[PDB]
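Each chain is listed here by its residues.
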Amino acid sequence: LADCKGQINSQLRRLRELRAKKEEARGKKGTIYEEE
Amino acid sequence: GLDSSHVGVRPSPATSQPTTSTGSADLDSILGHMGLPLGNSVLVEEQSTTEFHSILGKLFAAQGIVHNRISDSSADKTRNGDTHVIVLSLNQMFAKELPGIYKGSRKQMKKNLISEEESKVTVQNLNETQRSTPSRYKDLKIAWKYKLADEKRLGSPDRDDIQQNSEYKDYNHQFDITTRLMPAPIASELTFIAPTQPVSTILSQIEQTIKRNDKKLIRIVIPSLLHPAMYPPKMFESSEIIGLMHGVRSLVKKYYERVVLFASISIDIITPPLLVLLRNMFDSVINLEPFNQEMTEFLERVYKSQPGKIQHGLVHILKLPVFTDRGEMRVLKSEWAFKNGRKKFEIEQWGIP
Amino acid sequence: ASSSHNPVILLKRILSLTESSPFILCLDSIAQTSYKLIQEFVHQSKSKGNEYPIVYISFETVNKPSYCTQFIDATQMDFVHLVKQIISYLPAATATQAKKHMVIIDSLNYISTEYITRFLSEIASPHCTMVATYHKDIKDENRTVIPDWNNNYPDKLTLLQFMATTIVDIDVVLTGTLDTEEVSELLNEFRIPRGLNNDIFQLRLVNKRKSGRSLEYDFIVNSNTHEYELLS
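So, how was this worked out
Residues numbered from 1 in each chain as written, not as in the entry; some residues may be left out. Chains lettered and ligands numbered in written order. Part of a larger assembly, values for the part shown. Heavy atoms only, no water. Contact = heavy atoms within 4.5 Å. Buried area = accessible area lost by both parts, 1.4 Å probe. Salt bridge = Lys/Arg side-chain N within 4 Å of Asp/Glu carboxyl O. Polar contact = N/O pair within 3.5 Å; in protein donor to acceptor, adjacent residues only side chain to side chain. Nonpolar A, V, L, I, M, F, W, Y, C, P; charged D, E, K, R; others polar. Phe/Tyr/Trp six-rings, centres within 6.5 Å; stacked < 30°, edge-to-face > 60°. Helix = DSSP H or I, 4+ residues; strand = E, 2+ residues; numbered from the N terminus. Buried < 20%, exposed > 50% of the residue type's maximum accessible area, 1.4 Å probe, protein only. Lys NZ or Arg CZ within 6 Å of the ring centre and 35° of its normal. Pairing = 2+ DSSP bridges. Axes fitted to C-alpha atoms, helices over the stretch in contact; angles between N-to-C directions. Core = buried A, V, L, I, M, F, W, Y, C linked by side-chain atoms within 4.5 Å. 1 Å grid on protein atoms, 1.4 Å probe; cavity = no way out; pocket = protein on both sides within 12 Å on 5 of 7 lines; lining within 4 Å. Points joined across faces, edges and corners; volume = space filled by probe spheres on them. Patch = residues over 30% accessible without salt bridge, like charges linked within 9 Å, V, L, I, M, F, W, Y side chains within 5 Å. Areas by Shrake-Rupley, 256 points an atom, 1.4 Å probe, with all protein chains shown as cover.

In its metadata, the entry names cryo-EM as the structure determination method and reports 4.35 Å as the resolution.

> An account of the interface of chain A and chain C is requested, with residue identities and associated values reported.
Taken together, the contacts link 6 residues of chain A with 4 residues of chain C. Summed over both sides, the interface between chain A and chain C buries roughly 380 Å², with carbon and sulfur atoms accounting for 48% of that surface. For the salt bridge of A:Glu23 with C:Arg13, the shortest nitrogen-to-oxygen distance reads 2.9 Å. Taken together, the connections running from chain A to chain C amount to 3 residue pairs in polar contact. By residue class, the composition of the side of chain A that touches chain C is 2 nonpolar, 2 polar and 2 charged.

> Run through the packing of aromatic side chains, naming residues and quoting values.
Across all of its chains, the model carries 7 aromatic pairs over all chains by this definition. A ring pair is formed by B:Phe60 and B:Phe262, whose centres lie 5.4 Å apart and whose planes are at 40°; its orientation type is tilted. In this pair, B:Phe60 is assigned in helix α2 (residues 53-67) and B:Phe262 in strand β7 (residues 261-266), connecting sequence segments 202 residues apart. In this structure, B:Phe60 and B:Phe262 share a single accessibility class: buried. Ring centres of C:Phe79 and C:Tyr115 lie 5.1 Å apart, and the angle between their planes is 35°; on these two criteria the pair is classed as tilted. On the criterion of sequence distance, the pair formed by C:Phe79 in helix α3 (residues 79-87) and C:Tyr115 in the loop between β4 (102-105) and α4 (116-119) is long-range, its members being 36 residues apart. Here a set of aromatic residues connected by ring pairs shows up, and it is made of B:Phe52, B:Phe338 and B:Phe345. Note that B:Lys107 overlies the ring of B:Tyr137, its terminal NZ or CZ placed 5.0 Å from the centroid. In this structure, B:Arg258 is placed above the aromatic ring of B:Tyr255, and the distance from its NZ or CZ to the ring centre is 5.3 Å.

> Can you lay out the pattern of salt bridges for me, pointing to particular residues and giving the numbers?
Tallied over the entire structure, the rule returns 15 salt bridges over all chains. Across the pair B:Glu151 and B:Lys145 runs a salt bridge, and its minimum N-O distance is 2.3 Å. Accessibility expressed as a relative area gives 49% for B:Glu151, which makes it partly exposed. For B:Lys145, a relative accessible area of 11% corresponds to the buried category. Note that B:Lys211 is salt-bridged to B:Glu207, the shortest N-O span being 2.4 Å. Here B:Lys211 and its partner B:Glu207 are both found in helix α3 (residues 199-211), 4 residues apart, which amounts to about one turn of the helix. Among the residues examined, B:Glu207 registers a relative accessible area of 16% and is labelled buried. Taken together, the shared-partner salt bridges in this structure form one network comprising A:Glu23, C:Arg13 and C:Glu19.

> Explain the sheet that holds strand β9 (residues 228-230) of chain C residue by residue, including any values.
Residue and element names in this part refer to chain C. Taken in spatial order, the 9 strands of this open sheet run β3-β2-β4-β5-β1-β6-β7-β8-β9, and their pairing is mixed. A single partner strand is all that each edge strand has here, and the edge strands are β3 (72-73) and β9. Judged from the 3 bridges that link them, strand β8 (residues 215-221) and β9 form a sheet pairing that is antiparallel. Considered in β9, the bridge of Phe-219 is made with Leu-230. Sheet strands in contact with helix α2 (residues 36-47) are β4, β5 (130-135), β6 (166-172), β7 (201-207) and β9, and its direction is about 70° off that of β7.

> Pulling in residues and values, what's your account of the nonpolar core?
C:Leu25, C:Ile57, C:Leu82, C:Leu90 and C:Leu108 are the most contacted members of the largest nonpolar core, which totals 27 residues. Not counting residues within four places of it along the chain, the set of residues in contact with C:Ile57 comprises C:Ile72, C:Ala74, C:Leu82, C:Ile86, C:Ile104, C:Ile105 and C:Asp106. Grouped together as the second largest cluster of nonpolar side chains are 25 residues, B:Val199, B:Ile206, B:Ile218 and B:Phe282 included.

> Could you give an account of the pairing of strand β10 (residues 332-339) of chain B, with specific residues and numbers?
Consecutive residues of a regular strand have side chains that alternate between opposite faces of the sheet. Residues and elements named next belong to chain B. Where strand β9 (residues 313-319) lies against β10, 3 bridges are found, and the strand directions are antiparallel. The partner of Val-315 across the bridge, within β10, is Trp-336. Pairing geometry for β10 and strand β11 (residues 346-349), over 4 bridges, is antiparallel. Bridge pairing links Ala-337 to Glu-348 in β11. Connecting β10 to the next strand, β11, in antiparallel fashion are 6 residues, including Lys-344 with a positive phi near 60°.

> How would you summarise empty space enclosed by the protein if you had to cite specific residues and measurements?
What the largest cavity holds in volume is close to 790 Å³. At the level of secondary structure, the elements contributing two or more residues to the lining of the largest cavity comprise β3 (41-46), α3, β6 (217-222), α4 (240-254), β7, α5 (272-278) and β8 (285-290) of chain B together with α4 of chain C. Here the lining of the largest cavity is built from residues that sort into 37 nonpolar, 7 polar and 3 charged. C:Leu11, C:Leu15, C:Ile24, C:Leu37 and C:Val168 are the residues nearest the centre of the second largest cavity, which is lined by 17 residues in total. Every element with two or more residues in the lining of the second largest cavity is listed here: α1 (7-15), β1 (23-28), α2, β6, β7 and β8 of chain C. A breakdown of the residues in the lining of the second largest cavity according to their chemical character gives 14 nonpolar, 2 polar and 1 charged.

> Explain the interface of chain B and chain C to me, using residue names and the numbers behind them.
Contact residues are listed per partner, giving 16 residues for chain B and 13 residues for chain C. Of the roughly 1,400 Å² buried at the junction of chain B and chain C (both faces included), carbon and sulfur atoms supply 58%. Summed over the shared surface of chain B and chain C, the result is 0 salt bridges. Viewed at the interface, chain C and chain B are joined by 5 residue pairs in polar contact. Partitioning the side of chain B that touches chain C into residue classes produces 7 nonpolar, 8 polar and 1 charged.

> Just give me the short version of the environment of B:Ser5, but keep the residues and values in it.
Residues and elements named next belong to chain B. Inspection of the secondary structure assignment puts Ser-5 in the segment before β1 (19-20). Considered as a pair, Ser-5 and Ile-86 are 81 residues apart in the sequence and their alpha carbons are 23 Å apart. Setting aside residues up to four positions removed in sequence, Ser-5 forms contacts with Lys-77, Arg-79, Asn-80 and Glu-167.

> Go over a nonpolar patch on the surface with me, naming the residues and quoting the values.
A cluster of nonpolar side chains, namely C:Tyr217, C:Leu230 and C:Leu231, defines an oily patch on the protein surface of about 270 Å² accessible area. With respect to the helices and strands, the residue C:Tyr217 is situated in strand β8.

Structure, rendered in structure tokens:
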């Protein structure tokens, strides 16, 4: 349970939204450099 | 001259004479002496617009700074490692950009199997405890028996003791990308020379710079020489450069115990006449042939699924220290592949993939 | 990586100055002149809206360009003046946070090599974008330099290919009954046959990146609808 809580917290804290979406088919958009 | 027991008074498997290490294990091994005997000069070369040459031309100075920044008590004595570093270039901005001594974990030694996030800790955005970025074998130390195409005993068993035998191996320090050898030095370690000023001034200035030290090592490194970005047309005459190089040769051959020379340029835009007229002046020539877009296809085909096995070019050797002047042919072209990724500038024996 | 996943997108980003480029070089010849690419700049770099001063420094051109906003005649200025009466219109190397303008040089063949690098030193700023064309069919003057055995230095072409961060080559697409051999011949003895100097042309693109190898591709460019097609 402690591991699950830590995993959830770490997973939900590292959401940086990937503000380099090509700016600002195979991938169908070209957005996998460390995504998916 | 230089008193004994300096960092690089190592013997040589041929002459048993002083041979300071270039710092890179494969650069010390391929050269053929665990470095170069004092009084000789080396010419690393890059035939294209790539700029791998800008890497080594830093550590060769920085490693010297290392021996000038550890002046504590040795096993019993206080080791001498002072090496006045000189650069014949106006770019003072280069000074504050050198890689530093490498510490911390270098490879992975997981007790259990290597696996993904759920196995040990967390999401890998916070990395796992011991080591990340799988790269099994990372070069660490120096050896006196690491020469390529030489006898056996190619390994130094990560020895952690200081002795007279530690002059040979197990002292020299590794560096990496993010490491920084801070703080920046002072005039005690780095001396910059403006190249655009006339050679008559440059020669006397470098004379006075070397002579003011009496029993200390002098290292000379030129990052880039004779390039349009920082040089005037007047210096491209066939007289000035050759005469300056002749003076440099005269002085380095005079002080065969306390000075060396290491310069490297790009020759994609150099007239062959001047190139081979100056290539005969010093006593070591090494070329580099980086890979191009037609072959990176097969590079990733054969090195597929590898995060640290990707190479970047091939190596040529055309001249080496004195023991090639005795009538032996030793030119070798495009047989060893050099890699400078994010770890461990390495040389591996293979031709085209 | 996750940027410029199509060559056409890269070309359009270059053309519209979305990504800054300190230096770009374009090569042409007599078989196809290079004033259509300025039209490409004008049309493409206006979708993003660059009405910023498009200075047209001129050495030989007789007419005043409509598509540009400035006009400078340099048949009476020396090097130091030529640098000095351009920093005013351009965003000179002051005001470390400022805009960027457009620079069009009509010709590169009339300038002595001895100052070439300096002409890119006193002006190079993160505010300016140098655009100039190079005619390859004019062999420069070399009596003054006296290329003897003791007076040597590299030639203009290599310096131009070295200090450039992006290179584009222009060629005329063969359409009718003329092939490269006889075309080059007839040009050598100057008969200039029909089938030359059209708006539909072809380009070769070489784009250089920091710490790496450049990329080389080819393009087919029309000067009528401003549309592109990458080499198959």
